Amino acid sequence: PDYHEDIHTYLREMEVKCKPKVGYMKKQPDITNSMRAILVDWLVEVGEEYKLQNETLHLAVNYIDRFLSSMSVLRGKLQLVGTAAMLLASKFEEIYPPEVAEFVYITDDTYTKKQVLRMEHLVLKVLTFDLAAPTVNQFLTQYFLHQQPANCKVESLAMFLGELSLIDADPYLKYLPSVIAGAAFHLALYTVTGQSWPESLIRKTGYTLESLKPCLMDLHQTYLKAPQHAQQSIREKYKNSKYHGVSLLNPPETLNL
């Protein structure tokens, strides 16, 4: 609270430096956005099974996107990239990271422990060890401090929305985490309480409903079409009482902007 601004400022600077290449999928010969949605959905499953932090999952997705931004990968190796990213994310963020054997186990023994570790090494190289990336989650928790008063359904809905964005490279790869965080927070706050992006977050972030609008429009459609999405692990996850079953809430029909 004596560093909240310093840290926000710093994270805002770093999210630009840690941003994936917006159009990297066009340059991927073998893989597609849909395959990526499949991998990310699975990573949510893995997160649940090992009770990993949400932050860990966000980090792992940051690592995958940044890696695939400079390295071509065949579809048969995409999961290996993902496994190693989750492993690294876990090592970075978790009090007790699942052991390597456990990661080797959840890939249905598609890959050897030796491959998983070699890929870990390669990922570190390609990211030059820059793992402390800003995430939607990091911005959300700061934004939550501006509630009056705090509302658990809103935080869980926001988390849920922020998390849905990880699935679809198109279009969310073009929005910075701090912006998806803002869109998610306003959408959750509106859905649950009917209120809006608070004046105090405008002072803090410089973002307005107007600047958020483009991301907000996408995220709104994502929210509306969620039950029809091919990938369903985030909705299953947020049916849980841990997150106040917010996936079961009804999305607003109109945002009115």
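The numbering used is simple: start at 1 and walk along the sequence shown.
Of the two segments, 121-129 and 142-150, the one listed with the higher mean B-factor is 142-150 (C-alpha atoms only). Note on 235-243 vs 13-21: mean CA B-factor is higher in 235-243. Annotation for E210, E55, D65, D41: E210 ranks highest, by Cα B-factor. Per the deposited record, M35 carries the highest C-alpha B-factor of all listed residues (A60, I202, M35, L189). The entry lists a Cα temperature factor for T110 that places it in the highest third of the chain's modelled residues. In the PDB entry, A230 places in the highest third of its chain by CA B-factor. Among the modelled residues of the chain, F92 sits in the lowest third by CA temperature factor in this PDB entry. Compared with the other modelled residues of the chain, the Cα B-factor recorded for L176 ranks in the lowest third.
Per-chain ranking of the deposited C-alpha B factor places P198 in the middle third.
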